[PDB]
Structures are given as C-alpha cells and as structure tokens.
Ligand SMILES: *[C@@H]1O[C@H](CO)[C@@H](O)[C@H](O)[C@H]1NC(C)=O
Ligand SMILES: *[C@@H]1O[C@H](CO)[C@@H](O)[C@H](O)[C@H]1NC(C)=O
Ligand SMILES: *[C@@H]1O[C@H](CO)[C@@H](O)[C@H](O)[C@H]1NC(C)=O
Ligand SMILES: *[C@@H]1O[C@H](CO)[C@@H](O)[C@H](O)[C@H]1NC(C)=O
Ligand SMILES: *[C@@H]1O[C@H](CO)[C@@H](O)[C@H](O)[C@H]1NC(C)=O
Ligand SMILES: *[C@@H]1O[C@H](CO)[C@@H](O)[C@H](O)[C@H]1NC(C)=O
C-alpha cells in the first residue's frame, strides 16, 4: 500500500534490460530504489514502485499556482513516499517537510580535461628558430676554419657566445613565464573577467533558476553572461551540454553528483571547483505524517555504520580512470628536456667513432 | 505596400543620375537589392520613400518616447517599412519585427600586424649604447693593463670574472624582461584582451547603439570596458566610423562596431583587420504596427529565400566585390627570435678584420 | 564626594581580565587590563572612589523587540545600580538614544583578518627545485661519463674539439633551462599580489570570508547600502552556517586551518596580529564605531569624563597605553618583516654543498 | 523653531563656494561635505539653517594675551552662533568652552610622500637581487677556492674545478633570474613605511605647518618615536616647517619631502594627485564634530542624528562621494627600458677600483 514515486535518472533510477523483460519492481534497478530495498530490509515494510506519467520535475508554475511534475502525483498525496533527485528548495521545503537529505551537494562546473601539450623530445629547440640554429652551426664552422688558418677572433667569439646565451635564455624564460602566468585551467569557479570560454547550464533548470536569483559579485555577472547569450550557451539536456563541451571550449554548470558521475564515466572531462551552491537530495512526504521521522532515524542509523559509502562507490565508479597528477612541481620534466641528453649522447658516440676510425 | 528605407552609407548611397529621384529605383546597395527582390518575389508595387527625420532612430527615453526615423516613417506615415535596424526592447514593445535575416554583432577593428625585423634590433637594445661604449673601453683598459703587467694576475682575473658575470646577468635579465613584456601582451587583442589592458585604446560612436549595450548587460569585462570608455569621453571615443576608419588606420585605436560593415571595411581595406566574433547577438527585420497587416507575405518570402540560399550568394558577392584581393592569407608570427643577425654581422666583421 | 562609584565591565581579554595570580585577590585589585588602566587614570584625574561590579547578564546592551527590554550593561545603567559603565562598548544609535556616552576614547572599525601568503621559502635545497631530481642524476651521470670518455680518449685533435663543443652545448642548454625556469618561478611569485582591500576580497569567491554569528560585525553588512559590502553580505548569506562561525576564537582557528578571511572589529584584529603571527589586517577600515564609557542620561559625569578622556588624548598616554596592552605583549612575537624586497636570503644553500664538495675533494 | 545660524570655516575639501557664483546668493552658495552634511541633518531633524562664515576666517584658538578666543568658537561661547557645523577638531582646550557632538569622522596625522618612480642608486642597483650576506659568502667561497687551489698546486685535478663550476653556474643563474624578475615586475616601494621608519632615517627631511595642529601635537609629545621628530624639526626651524599647507604640498611635490598632514586632507590630495601617497596610516586619533554652546539642548539630538547617519551609511556615502575626485590613473604598461647609466653605473666604479688596486699591488710587488 506504500506507493513510492520514481523518476528515471541516469545515476539514480535505471531500467535495466537484463536478459528478458520483467514485471514490477524487479525490472527496475537503481541506486535510489536499491537503498530503499536495503532500508526496507532494515525497517520492515513493503513498497510498490510507481513511475510518473509526465516525467517532469516539480516546481512552482508561473501562471498556475499548482505545480507540475511529481507534484501532480503529490497534490492529492497519491505518493506516500517520494524518492528522486530533488533539490531541497524553499518552496519544496515549505510544502513538503523533507527528511534529512541522502546527499549534500550543489551546482559544480564541468570542463574539458586540459591535455598536456607535449612538444616532443626536441623541446629545447623551440626558443631559437631552426634557421638560426643552422646559422649557429655555419658560424661555428667558419670561426673554426678561420682559427685553423688570435685576440680579435677570440674576443669576437666570446661576444658571440655571450649574445647566444643571452638570447636563448631570454626566449626560454619568456616562454616559461607566459606558460606559468596563465593557469592551465580557467579561473576556478570565477569565469567572470574572462568572457572568452563560453559557459552555460541547462535551459531553465535548477542551476538556471539559482543563477537567476543570485546576487554574489561573481554569480550575478555569470548570470548576466547567461542571459546575454542564452540562445548559444544554454542547452536542452545534460547530454547535449556534455557533447557541446566535448566538441568545443565550453564550461557547463551541472549538479555535482552528475559531474562526478560523468567525469568517472569518461576521463575526458574534469570538475574544476565544486560546491558553489548549498543543497541536498533526500526523500519527503507532502503531509506531516509521523513516518518521515522514522525515515530520518533510518538514515541516521544507516550513516552511523559504514554501508552507504561502498554502494556509492560501486554505483559511481563505472569504468576505471588513468592516474593523473595532483601535486606535480614546476620542475622541468624528462620528456621536456631529454633532447639535449639525446644529442649529447649522439655527439659523444659519433666523436668516439671518428676518433677510432683514424 | 508603402515602404521606407534608411540613409546609412554601408547599405545605400545617393546614386548620381540626371533623372529627378527621391528614392524610387534610383539607388544602389545591398539593401536596395533586398527590397527589389522582396518586391519582385511578392509582386508588390509601391513607392519607396527616403528618411524624413531622425538618424538611426531618435530615442526620447526621458519619458519613453521615440519620434525620429521610428515614429515618423514606420508606424503611421507608412503601413510598412523595410528599414535595416537592430531589434531591441524599446522597438519590439509595440513595433514588431519579422524573424531575423542577418545576425548583427559588434567586433573590433585593429591595425594589421606588421612585422618589423631589423638586423640590429636586439643585439644592442637591452644594453644602452653608452653602456656599450663603457664596456668596450673597460675591455680596452683591462687589455692595456694586462699588456703593461705582462700575484696580481689572480686578483685581476677574479675581478674580470666578477665584472663579466654581472654584465652577462644584467644583459640576459633585461633581454628576458623585454621579451616577457612583449609576450604577455596578446599578439592579437581579443574580446577579453582589450579589457585587461590599457595601452591599446578602444572606442566607438557615442551612444550609437554600441555603448548602449555596454551601460546595461553588466558583464565583468564589458563593465570594465564601459568604465574605461566613461573615464575618457573624448580621448578614447570617436564621433563616427567614416573618420573612425581613418583614425584606426594609423593609430593604436580599436573601434567596436557591427560585423557586416566591419567585414566590408576589412575587405575593401586589407590594411585593417577584424577580430572578435558575434560577441553580442542582434537581428534585422522590418517595422510593423499593432496588428501586422502584411507580416504573412514578408515572412513567407524570407523563409522561402532562406530555404533557397539565394541570400547567401548575394551577400557573399555584394560584400566581397569591394574586397576581391586578400592581402592577409597566411598571417603568422614566429615566437622565437628571427633574423637577429647583428651578432652574425659583427662576427663576420671580426673575422674579416684578421 | 564621599560616595562609592559602582562601575561595571565584561571579560574581554585585551581590555579587562582577572589578574593572573594564584593567590586569591579581591576588590579592584583583582581586575586588570587596558580599560582598568583607563579607569585608574580617570580616578586619578577626577575624584573617584570606585568599585568594579561585574555585570551579571554577561552581555552588551541589546534592544529586545520581543518585550522592549534592554540587557547587560545598558539595562544595568538604566536603574542606577552602577553609574559608570567603562568597558569595550560601541557607540551605537540604539544605545545612544537610551543611554548616554562620552567621547570615543579610541576609534575602531570593521577590518579583515587574513592569513599571510605562504611561500615556498623554507628549504636549503630550494635551488634544486627548477630541475627535477632525476634530471639532476642524469646531469651527474652525464658528467661522469664525459669525464670517463675524455680520459679514455686521452689514454688511447678533431675528436677533442668535437667533444668539447658538444659538452659546451650541453652546458649551454642545461644552464639556460635552469635559469629560465627559476626566473619564471621567481617572476610568477612577484606577479601575483595578495588582496589588501575589501573590494578585492568581495570580487573574488575562492577565499571565503564571513563574520561572527552573534556580534554586530555582520549586522553592519545586512543594513549596508554600499554596493561592495552589500554584495559580500549576499555572498556570506548564500553560504551561511559554514562561513558564519559562532565565536571569534573558532573563527581564528578556521582562518589558521583554512583559506578563510575573518572579519571583525579592528582592535581585536590588531590584538591578534601582534599576539600571533601568520595573520594580518589586509583591509584598512570598513566601518567606524568608537568605544566609550557608559553613563546614565541624567548624570554630569559624562561631560567631566569627556574632558578627562580628551585630556588623555592631549597627553598622548592613551596611545602608549594601547601600545602596551596590544603591542607590548607581542614584542617577543614580532615578525621579521625584512626590508629586502628580494627575499632571497639563503634560498639556495649551495654554499654548504660547495663546502662538502671541497672537503670531499681534499682527500 | 526660529532659524539656527551656523558658523562655518572655508576649508577646501569641506566647504566650497558654488561654481556658478554669479547667479547664486542663497544657501546654495556653499557646497561640500560639511554643507551637505548639514543638509542631511536638516532632512533628518526639523530646523532651518543659515550659513555664515566666521569673520576672521580662523578656527577657535586660545588667545593667551587676555584669555580670549580667536576663531569661530568666539561666537559659540557668546551665543552669537547656535551651531558650528565645520571641521572643529575635538580638543580638551575647546571642550572646556563649548560642547561637541560625537565625531562624524575620525582623522589624524599622516605622512604625505611622493609616489616612488624609476630611480636606483649605483652599487645597490646590482647588489639588490642578492642579500649582502650572500655576497660576502660568495667572496669567502672564492677566497676558499683560491687557497684550496694554491694548496693543491703546492702538494683535485678536476673535482674542485667541477664543483666550483656547479657553484658559479648556480649563482649566476640565481642572480640573472632574480634581476630578470625585478625588471619584469618592477615592484616599486617607498623607502618609508611607517612613522618609526621615517624617524630612523635622516636623508628625507620632515615637514609640518608652523603653529598648526600637527606641530603642536608633535611638541610635548613625550613619545619615544615623536620626540626625535620634534628634535629634528627644531634642528632646522626654517626649512622643514612650512608657513602654509598648499606650500607644503608644492614643496613635497617638487622635492624630496615627507610632509605631515591630517589624514582627511592627505587622502583628498592623494586622490586628487597621482604623484603623492599616504604613509603611516594614523598617528593621532583626533575627531571632528559640530560645535554648540555649553548647555545647548541640541547636542544630545545632533549626536543622535550623526550616529544615525554613520550607521545607515549615508556618512560613508557622502565621504566617498567628494573625496574621489577623479580616481587613481593606473596603467602599468611601460617597462621596455634599457639599463642606462643610472640604472647600472656602479660597475664602472668597482672595475676602476679593481684596476687601481691591481696596479698598486703590482708596483708594490717590485719592492
Ligand atoms: C588540447 O589543449 C589545447 C590547448 O588549449 C586546445 O587546443 C584543446 O583544449 C585541446 N586540443 C584538442 C583536444 O585537440
Ligand atoms: C606598424 O604597426 C604599428 C602598430 O600600429 C604602427 O607603428 C604602424 O601602424 C605601422 N608602421 C608603419 C606603417 O610604418
Ligand atoms: C602554507 O601554504 C599552504 C599552501 O597550500 C597553505 O596550507 C597555507 O597557506 C600555509 N599553511 C601553513 C600551515 O603554513
Ligand atoms: C604559523 O604557521 C606555522 C606553520 O604551520 C606554525 O608552525 C606556527 O606555529 C604559526 N604561528 C606563528 C609562527 O606564530
Ligand atoms: C621621479 O622622482 C623624482 C624624485 O626625486 C622626481 O624628481 C621626478 O620629477 C620624478 N619624475 C616623474 C614623476 O616623472
Ligand atoms: C605629476 O602629475 C602626474 C600624476 O602622476 C604625473 O604623470 C606627472 O609626471 C607628475 N609631474 C611632476 C612634475 O611631478
């Protein structure tokens, strides 16, 4: 008799194909309903899973007063228990006394993973153009042959070496300084004062609503940019935004749980900052029925022992991810400077060969 | 039926002819071609009337009023008006517009990057010429002292080593500072580069729908640009574009103005380049009173033209005919030092001295 | 003249505290501090026979709109149990309407406490940062190999010229790479600057900054009409319960243990900075609310105290009293504040390495 | 309520005649922070006000010849002026004669000093990027290397050479990098940072206004940091002291100077002139306030009005309104400057010293 409303969400409620179609609750398989099954094994009761016909989320309507979404399946209290991805908003808390949230999270920014631009083993050749290097070699041969056939030539050679050292060091220092000045990522959670890396969120979603009703010095300018180019940055759904991020320089703003889910599904995306908003996901009941307190105490007794961590991991691992740097220093790498080692070894071995040849 | 056009230079001029003309089939331009194509495809015959009063649309926002070019040639004087203008709140509240035909946006005029690479440009640059003479005479003095002498050799070698270490460190450090200074500044200033810098000046037509977009729509970089423009109301602001092109032609100026005519200017004058792409979005259309008597025919014609593709080719040909040559084709600047040959020429001089 | 003057005070560490003595002590002798010194100066200027009577409510005056009743020092002043409430007690309109104050014996305001910018200065091996340790081992083995091959060639002059040239080129590349990397490392440090204003801290979002959950150091922001302060109040309101700590000491702990920039009255800020390092007052002064001495409305003492306070301001002994009670204890903990803008004092401890190489080369 | 007549000084940042003086003759004659403060007071408290300048254009100063007063306190004590809304500094000598409302603004002594620009001494131009201890350590290491080489000659063929090469390349790289960072960033800093820093030095002469608030405060200061300042000022009573204020500003603009002013006019000048800047924060903590005759009932309400203005933020609004006249022009876009003679000059002197030392020891060797 305990009807539980559900909504199909990629990391929360899934309709597994399995081998053959099933009927009832066994066909449905997802993190939320699995947690409900466990707490039903703990707290003794039955539950019947019911989906929402409309499939939309619950929010205040501009010209109706009544709310569409699960609220349509909640206005007449036809859903005894409501588990779904539901941010605890002001109006939702006003009308539903939501239990303690399962998760605490907020909107977070998503970005394409900054690939390491490897310039090859011969990276030390960059500061001076190769033509200048050929000039250096021809000058070396010229000064050597002139010396073969002494104060003036020695002084001019020393001055030339002076100039070459100075120029090479100046170019390399300028290149490394401009590389280090700009951060490999954008201004973390501070895409203001940038106006070049286009950023956007879902169209008229929870993130869009939050940015609309925000007055912080960074987020108000972010919302101004949102509204200025709404037809471009805003996307219909999460997958379209992810595809746009993959195909072009685009920063998305999505729920943090979805950000970690996606960035763990594939390692081509990263979460720059995180928790730039305060909200939570937890179940509730439209009426002040006494069993929501039982739900809260079930949540507390489930959290007092370690069981939700493992299910959260096994649900949000997906495939593996290659190791990535966390505290790499500013020191030159082997891949960045190994060219001089290689050329020195080659020069040494050819010198030995031509010495033993005669 | 009755239509109204605009007097702006980029879309139409006053074509010279002996026949008495007042704006009926005796002009030229892309707007004239658009109007004639619409009339022919829709079969509409009428008279075309020029601008009576107002430039770009007179605005009287002191009491929410607007008279010139907007309420004297669009609403009541003429039933319709194909006047090329942007769509904004003050117009679209009552004067409706068709779906956009071209997307208008402001981009930046800039000086074309010219590469000056003197042979002796950085060989004697970081060190002052007086310092160059000083180090030459110091070398001469230490050489003559060594000649006079030939222990003191250890101390003279040590002081020479200390001096040469300092002079190399100073020279290399100053060259690195110069390179860093010239490299931190963007090789081409973009929609965000101008805001963060102050050496390069930017401006546009005073309240010519450009800084109207800047006063509202508070974007961080855009707010910084608007503050900088308001700081210098004349120093960084130019009165129009007909002389703004000449101003930006030889100066450090940047001129913010719409994409179509900046493309026209860059094509007709390759000496100036365009940067930034559609940083703001604005659409074209036609004037329309309350009721839209002839919206159906114009919408049908423009959607048929969009599905036809004739607009794309007419746009390309008309806006490229003045710019058939393209001087800028493979613009690219090397990051490393190029043609720094002063050290090579002095090495050659030293070699031939012997 | 022959009447005891009852005064009240609260336990604020910089201002008034119980005298540090294991032996029990009673009366005015048991209280000591800056405000106690001020009261002693007032007593020795005017004619006072004063006894300190600690406020039982343990709070400052607050207009309780539930019943329209005061509390703490202000309410204690309304009924003349004590007629001189000398204490850290801000001059506010809600108080000044109901109670009567003298001139501000010191002016303060809201200011931001921020942890000093940590730098990678410590470490005698900081000169080896630009080149990775594996690269250093590669350099050492290349030096050993080139020495060995040169010795072999000598044992066994075009080849000598070639090996000399290749070694010179290798040294050229390695020294230029090291110089360039260390120059970039020391240039990006001077390139970035810490925030030293309220505008800079309000524009940013990474560095959290919030006031205390009960004091008036946030109530100014709530009623503030200035753009930047209103924006930062909106920011800290959007992230309440996380950047609005309950008490000052846990705010200091959070600042020490996190990228948190606390925000409270300037006197406490400078007291903390002099007493404890690692923290500085980055902002100058946001608000301005001087303290004062309590006084019942129908009491001439205020006026006289007014004059007395001004007397001290003319004598300059208020300045030295504040220095003694604020900076005097911080003298042992005075920060180095080196005048050298380079900040390169023994960054690279290569002298020790050179000495070790020399003594090993002595053989 | 009759009409309260206020007496006001003509201090520049606080009270100015209206720019259109020819057609204005009413209460709109005067404009300034004090004037619109009084306007806000009339908006918040019901009373009409008539502005009158003090006759002699002076502040209230005690006249010791007969015990009388000098300026606008004279008509306060005689009830000739109901209010004195003006920059009346709250002082003990005045408070015994008149009643001051609680300060609407707090000020004090501060150092006006020229904004640093491109300049650098000779030897310290290149000695700066390394600490003098590091230079002495380098010299000691060079001497040690020389004596170790002498011992080796008298008794490592290449090990000492290699370690010395490593040491010298590390030192040259560090020096080059540090001076490159200095040239790229160019983080200018004033020689003085606080009062004690200016007290210790003697190259930059001080400044004040003779028979002014600053000089009187410095006299009889008895503070260990300001008694030396008073002694230095007494050393040259004609040079460092300035008979006026604009004269002192011009002097500090046109020459090396460390003038001393009230913080309000300090910030007014620094926001009006980019060449100048403020040092020391606050030395004294003098407060302003409106003046009233003793026993005037309006003090207890005008202090309430001032506290309201300060709490609601309108005081800060009118403060920021008429002290940022144009803002600070910051460009930071000029750094392509070569090493001139001034930028690096000490190297010629040190090499000449080395040369003369070498020739002296050479001619002494023949002995
Ligand atoms: C790799 O990084 C570069 C540098 O920003 C940029 O082109 C882009 O983010 C990546 N390029 C790819 C994935 O082709
Ligand atoms: C080269 O470009 C610069 C930058 O505007 C300027 O000196 C000038 O426009 C050009 N110099 C010429 C044409 O000699
Ligand atoms: C040192 O720097 C680190 C940088 O991550 C930061 O924890 C803080 O600024 C400093 N911490 C301590 C304990 O000094
Ligand atoms: C400052 O931070 C350091 C680093 O954690 C710590 O050791 C020290 O106790 C702190 N306080 C000081 C130096 O007063
Ligand atoms: C730079 O400062 C010196 C300080 O003596 C001053 O004489 C000179 O006029 C200043 N130059 C400027 C501000 O251009
Ligand atoms: C003073 O005026 C401006 C403000 O900084 C400055 O550019 C100028 O060089 C200065 N001139 C003198 C003589 O100090």
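Chains as they are written, first to last, in the deposited numbering: chain D, 432 to 580, 633 to 841; chain A, 433 to 582, 631 to 834; chain C, 429 to 584, 630 to 836; chain B, 430 to 584, 632 to 843.
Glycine included, every Cβ here is placed at the ideal spot set by N, Cα and C.
Within its own chain, the residues whose Cβ lies closer than 6 Å to the Cβ of residue 447 of chain D, once the five positions on either side in sequence are excluded, are 460, listed in chain order. Straight through space, the alpha carbons of residue 534 of chain A and residue 765 of chain A are spaced by roughly 9 Å. Only residues of its own chain outside the window of five on either side were considered, and among them 540, 674, 705, 708, 709, 716, 733, 734, 735 and 736 have a CB closer than 8 Å to the CB of residue 682 of chain A, listed in chain order. When C-alpha distances from residue 835 of chain D are compared across C:568, C:633 and C:555, the shortest belongs to C:633. With a contact defined as Cβ atoms closer than 8 Å, residue 825 of chain C and residue 552 of chain C qualify at about 7 Å. Residue 730 of chain C counts as exposed, since fewer than 16 other beta carbons sit within 10 angstroms of its beta carbon. Placement of the Cβ of residue 546 of chain C at a distance of less than 6 Å from at least one heavy atom of ligand 3 is found. Annotated three-state conformation of residue 575 of chain B is helix, per DSSP.
Not one beta carbon of chain C lies nearer than 7 Å to the beta carbon of residue 523 of chain D. Between residue 514 of chain C and residue 435 of chain C, the CB-CB gap stays under 7 Å. Here residue 737 of chain D is bridged, per DSSP, to D:539. Shown here for residue 777 of chain B: same chain residues with a beta carbon closer than 8 Å to its own, the five before and five after excluded, namely 474 in chain order. Along the segment 760-809 of chain D, the alpha helix (DSSP H) occurs as fully enclosed runs of 4 or more residues at 774-786 and 791-799, listed in sequence order. If you draw a 10 Å sphere on the C-beta of residue 695 of chain A, you find fewer than 16 other C-beta atoms in it, and that means exposed. The beta carbon of residue 799 of chain D sits closer than 7 Å to those of 442, 743, 744 and 747, all from its chain and outside the five residues before and after it, given in chain order. Within the segment 790-817 of chain B, those residues whose Cβ lies closer than 9 Å to any Cβ of chain C are, in chain order, 790, 791, 792, 793 and 796. By the rule that beta-carbons nearer than 7 Å mark a contact, residue 550 of chain D does not touch chain A.
Near chain B, meaning a CB-to-CB distance below 9 Å, the residues of the segment 646-662 of chain A are 646, 647, 648, 649, 650, 651, 652, 653, 654, 655, 656, 657, 658, 660, 661 and 662. The three-state reading of DSSP puts residue 510 of chain D in coil, since its state is none of H, G, I, E or B. In the three-state DSSP reduction, residue 517 of chain B falls in the coil class, being neither helix nor strand.
The segment 569-581 of chain B and the segment 558-571 of chain D do not touch, with fewer than 3 CB-CB distances between them shorter than 8 Å. Judged by beta-carbon spacing, residue 658 of chain A lies beyond the 7 Å limit of residue 671 of chain B, meaning their Cβ atoms are not closer than that value. Taking C-beta atoms as the reference points, residue 768 of chain C and residue 485 of chain C fail to come closer than 7 Å. Boundaries of the beta strand (DSSP E) around residue 434 of chain C: 433-435. Closest by C-alpha distance to residue 661 of chain A, out of C:660, C:829, C:546 and C:483, is C:660. Note on residue 668 of chain A: under 16 other CB atoms within 10 angstroms of its CB, so exposed under the neighbour-count rule. Excluding its 5 nearest sequence neighbours in each direction, residue 751 of chain D has C-beta neighbours in its own chain below 6 Å: 544, listed in chain order. At a cut-off of 7 Å between beta carbons, residue 674 of chain C makes no contact with chain D. Taking the Cβ of residue 751 of chain C as the reference point, at least one heavy atom of ligand 4 falls within a distance shorter than 6 Å. Using a CB distance cut-off of 7 Å, residue 690 of chain A does not count as an interface residue toward chain D. Residue 651 of chain A is positioned such that its CB atom lies closer than 7 Å to that of residue 649 of chain D.
The C-beta distance from residue 560 of chain A to residue 820 of chain A rounds to 18 Å, too long to fall under 8 Å, and the pair is not in contact.
Taking 6 Å as the cut-off, one finds at least one heavy atom of ligand 2 near enough to the beta carbon of residue 543 of chain A.
Taking all protein chains in view, the Cβ of residue 575 of chain B is surrounded by fewer than 16 other Cβ atoms within 10 Å, so the residue is classified as exposed.
Residue 656 of chain D places its beta carbon 7 Å or farther from that of residue 828 of chain A.
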